[PDB]
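Neighbour counts run over all protein chains shown; Cβ positions are idealised from the backbone, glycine included. Bear in mind that the values in this text are calculations on the coordinates, not laboratory data.
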Amino acid sequence: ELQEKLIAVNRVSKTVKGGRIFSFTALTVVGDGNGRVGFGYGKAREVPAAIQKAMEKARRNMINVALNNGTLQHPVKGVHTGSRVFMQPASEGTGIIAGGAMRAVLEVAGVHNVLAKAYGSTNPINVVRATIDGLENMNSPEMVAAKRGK
Amino acid sequence: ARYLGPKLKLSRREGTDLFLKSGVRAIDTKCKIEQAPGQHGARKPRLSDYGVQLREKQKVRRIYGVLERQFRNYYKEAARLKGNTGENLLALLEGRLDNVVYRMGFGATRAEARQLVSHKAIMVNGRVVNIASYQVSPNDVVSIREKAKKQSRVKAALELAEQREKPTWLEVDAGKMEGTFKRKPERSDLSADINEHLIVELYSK
Amino acid sequence: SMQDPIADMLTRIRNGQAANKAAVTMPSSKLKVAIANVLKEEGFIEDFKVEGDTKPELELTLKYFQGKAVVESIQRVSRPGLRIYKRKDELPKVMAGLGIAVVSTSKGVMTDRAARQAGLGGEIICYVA
Amino acid sequence: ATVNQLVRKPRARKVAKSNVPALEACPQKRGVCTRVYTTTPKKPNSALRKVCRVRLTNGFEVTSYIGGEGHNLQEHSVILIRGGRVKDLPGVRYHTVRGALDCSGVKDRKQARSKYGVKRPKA
Amino acid sequence: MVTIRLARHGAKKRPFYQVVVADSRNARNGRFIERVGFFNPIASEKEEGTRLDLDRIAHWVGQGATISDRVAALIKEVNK
Amino acid sequence: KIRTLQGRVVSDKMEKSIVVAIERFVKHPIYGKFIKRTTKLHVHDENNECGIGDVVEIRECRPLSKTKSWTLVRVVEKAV
RNA sequence: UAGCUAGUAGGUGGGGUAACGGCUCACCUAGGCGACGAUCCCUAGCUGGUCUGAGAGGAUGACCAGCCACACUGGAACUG
RNA sequence: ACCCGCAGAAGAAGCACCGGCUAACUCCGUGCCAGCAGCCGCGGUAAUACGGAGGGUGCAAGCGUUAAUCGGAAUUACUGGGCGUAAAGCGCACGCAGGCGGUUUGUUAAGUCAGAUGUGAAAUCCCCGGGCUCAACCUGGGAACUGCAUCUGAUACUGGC
């Protein structure tokens, strides 16, 4: 059930001998709509080929989580450099909310409502990979029974 | 406010049917959809993300003819009681009198239904109506006045309503030309192409 | 750290599980052993041992089961200067409801679950996930 | 990070005040013309920019831009000004507007007439 | 000094007419001590348009407050 | 019971006045800490049982002088 | 803004007032306040509330609720 | 107030914008000139930005345009920040008030929380009615107004002895 999302795509400029050269770069995520997402970055000549190089990175590793009520099992924190992400679980099917640099990473994994926020610097690659670090921060079940609840 | 271009220009720019300038031809003729696309879209643009966004926002507006200040008010009313703006927004457009008078078949378009209310040809709960931007509720009864039942445009609109899928939100009888609202509409029971993916994220980033 | 020894009690634990250690040690007090039983009663620790009398020390054995760490967050919120007080119905639900808050009341420390039932409020001791 | 210091020295903030301070919170102000001229030639942008000096009853004197094609403004003529930066001019943050007893109107204009104020051409 | 009087309500052209106990000082519509009924002019074409608390009114006028002759004539409309 | 306060005598020789300091806690409206606040008043005495830096118990009475509307009841430490 | 009072700082007996008060006439003394911001000029009435925002905070009080002040501008008495 | 008719399209559409951000524009005119803006700037003979033709795009009895107040502004950080070098430890030692202070048995109970008695009026924000073209509004009931004043209780902890 493979699904892909483009988050951002732009051109870049670079210095060479006595001048400059232009190229394309993309930021993407890929997931299964039910438990996993992977993140990709990529640069190339021609824009579709840059996007495709990012999709191949998003397939190089995926993070697999146990989503609960189409939302988070518990609150989570994710960090990459200056970009800090925090997420509170959402109630009543509503609460979405959050910009594409958080939302796109979760709408590809099967999340329907989530109260995500980003803090610090807003480079979207760092925010997306901090959202992925927050998905490495979530735990699985509802099995260990060590707390009364809830 | 009005639209002064040919009403099919909108559908020909969209490559999609918007239920505009309708009558006893019903569908496709001479709508020229993807046969006369004009000067743009053939060749469909990529453009900015701000495209869908705006051109997708206009497609969910112009299908109900609603003005931006109305659309922002319905987004406020759809953001009530945690009902979701991707869902409870449809009830504020589909439940509006210029859509109800159209769904009942008194007008062939939402414009023609709106016109019939501005011409005082319609009643709601036994009283005449002149405001078409008004919400209808269950047990409200809507009907055409005897002084207007013989207009050829209504005659055609009722023959077109028989060529259209019947709604599960309201009833109408062709012999009395009277109909009653029954239940407020639902996404998986409206079962048609209207947006969700943008009406969940308006007026914010 | 002697100017806030209960903030230091949480620091020693937060850094102890970050180093993935089994035992955490500190100087002992009536409030630390009252809190140690709350931490044992929530199962973050499996033992609290007092040694010395005669330089009394409190050693806490962390209860590692079913994966890494014993807590995800362990915040104090109150401070000896900036004392934070909640009313009986203003007690927050920690960790989206999967965690505890602790209050000192007017007789000694208890969890927000018990403070709710008793109809009590007071000063915040910790919020634990 | 200590707790009682802002009782001794409360922390300060910057208020944005005005970039057009002579308006005293009004959309326009009336004053008198003291000088009519053109600015010194500046930047690789080559043009002849039309300006006047305006004196106000509140103790301000400002340089203001004369938009629209062609003008005949005299000295001592009474004029109105509106606020807004123009970076092609030196430090100018005011526009002098065409509703004046001595000042000429813009001619040969059929579109965009809500600015400057021009009546629809006959025939 | 204190009168059992009318308060127009409804601002311009849309009166609601409430009957209240109020001082001769200050306000002419609001600021009242106790409400003792209503005289609503547009009452859904029903007889529900008039209400009067005759027991509390009798205690206010007994204790020394003025009752308006306009309200004394309206006591008949609530029977009696 | 009557309105009483306790405090320490700040200034004790004023013929028929003594100056007392009254201490309490209050929350700072922005910085959230409960801080100490001290208030001063003049108290009437004719019986001379106290001295500077001694502790007294006082009651409210009638206004008599600038900031003097309170009077002395008893001394609370007395030894020294 | 680094100076500020001086019926000010603490007492005594009448007279005035519904009544506290250096209200008011006498007489008995010499202080009192302030950098932990006294005090004085510039500007300005204040508030239910309104506006903004997620809130804190910021802005602001017409209009609809509630006080004060003021009556050519300055000044004096009566009546109560 | 409210409601119904009469012959007749009858009297009835304008305003801004069109490279990048931020969508709609091709062909001409001018040619570093003339005039635009929020910012780079647009303009020298093939200028999407200026002007003109024909169109497009948005709003509509309006449309554009702005001083003045907030948000965005974590860009004064109380919630919510920084101090090696971007913005900052103020050249370095002692030290009174101020502020801070280990551990335990008593004790005061200001602060705190608890409980109770008063208050947070009329409006108003929110939910649902009534009544006037819709709605506003004017009104009816709920829910709020997380606050505030006092009198008792408890003393974990801050102050105090």
Q.
Give all pairs with beta carbons closer than 9 Å in which a residue from region F:27-53 that is more than 17 Å from F:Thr67 (Cβ to Cβ) and more than 14 Å from chain C (Cβ to nearest Cβ) meets a residue that is more than 16 Å from RNA strand H (Cβ to nearest atom) and not charged (D, E, K, R); count only pairs at least 6 apart in sequence or on separate chains.
A. F:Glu46/F:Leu72; F:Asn47/F:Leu72; F:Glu49/F:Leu72; F:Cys50/F:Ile18; F:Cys50/F:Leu72; F:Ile52/F:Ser11
Q) Which condition does A:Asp32 not pass, out of (1) surrounded by 14 or more Cβ atoms within 10 Å (Cβ to Cβ); (2) farther than 29 Å from A:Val144 by Cβ; (3) charged (D, E, K, R), if it passes all the others? A) (2)
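The rows are residues; the columns are (1) assigned to a strand (DSSP E or B); (2) in contact with a helix residue (DSSP H, G or I) (Cβ under 8 Å, 6 or more places away or on another chain); (3) within 14 Å of chain A (Cβ to nearest Cβ).
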| residue | (1), (2), (3) |
| --- | --- |
| C:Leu82 | no, no, no |
| C:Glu90 | no, no, no |
| C:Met95 | no, no, yes |
| C:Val102 | yes, yes, no |
| C:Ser106 | no, no, no |
| C:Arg113 | no, no, yes |
| C:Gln117 | no, no, yes |
| C:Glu123 | yes, no, no |
| C:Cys126 | yes, yes, no |
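Could you list, in sequence order, all residues of region F:41-57 that are within 15 Å of RNA strand H (Cβ to nearest atom) and on the phi < 0 side of the Ramachandran plot?
Step one: of region F:41-57, the residues within 15 Å of RNA strand H (Cβ to nearest atom) are F:53-57.
Those that are within 15 Å of RNA strand H (Cβ to nearest atom) and on the phi < 0 side of the Ramachandran plot: F:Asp54, F:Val55, F:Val56, F:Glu57.
Counting only residues that are in a loop (DSSP other than H, G, I, E, B), of a type in the set (A, V, I, L, M, F, W, C) and more than 9 Å from RNA strand G (Cβ to nearest atom), which one in region F:28-71 is nearest to F:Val10 (Cα to Cα)?
F:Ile52
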Q) Could you count how many residues in region A:51-96 are crowded, with 18+ Cβ neighbours inside 10 Å, in contact with an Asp or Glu (Cβ under 7 Å, 6 or more places away or on another chain) and either within 14 Å of chain B (Cβ to nearest Cβ) or part of a strand (DSSP E or B) (or both)? A) 3
Q. If you take just the strands (runs of 3 or more DSSP E) that sit entirely in region B:115-174, which of them hold at least 3 residues that are in contact with a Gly (Cβ under 7 Å, 6 or more places away or on another chain) and within 24 Å of B:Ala26 (Cβ to Cβ)?
A. B:170-173
Q. Quick one: would you say E:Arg51 is of a type outside the set (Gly, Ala, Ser), out of contact with any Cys (no Cβ under 8 Å at 6 or more places or on another chain) and touching a residue at least 40 places away in the same chain (Cβ under 8 Å)?
A. no
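Yes or no, residue by residue, for (1) more than 6 Å from RNA strand H (Cβ to nearest atom); (2) outside any strand (DSSP E or B); (3) within 14 Å of chain B (Cβ to nearest Cβ):
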position	(1), (2), (3)
D:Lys87	no, yes, no
D:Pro90	yes, yes, no
D:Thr96	yes, no, no
D:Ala100	yes, yes, no
D:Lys110	no, yes, no
D:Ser114	no, yes, no
D:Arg120	yes, yes, no
Q. How many of the residues in region E:16-52 are over 20 Å from E:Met1 (Cβ atoms), of a type outside the set (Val, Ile, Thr) and not in a strand (DSSP E or B)?
A. 11
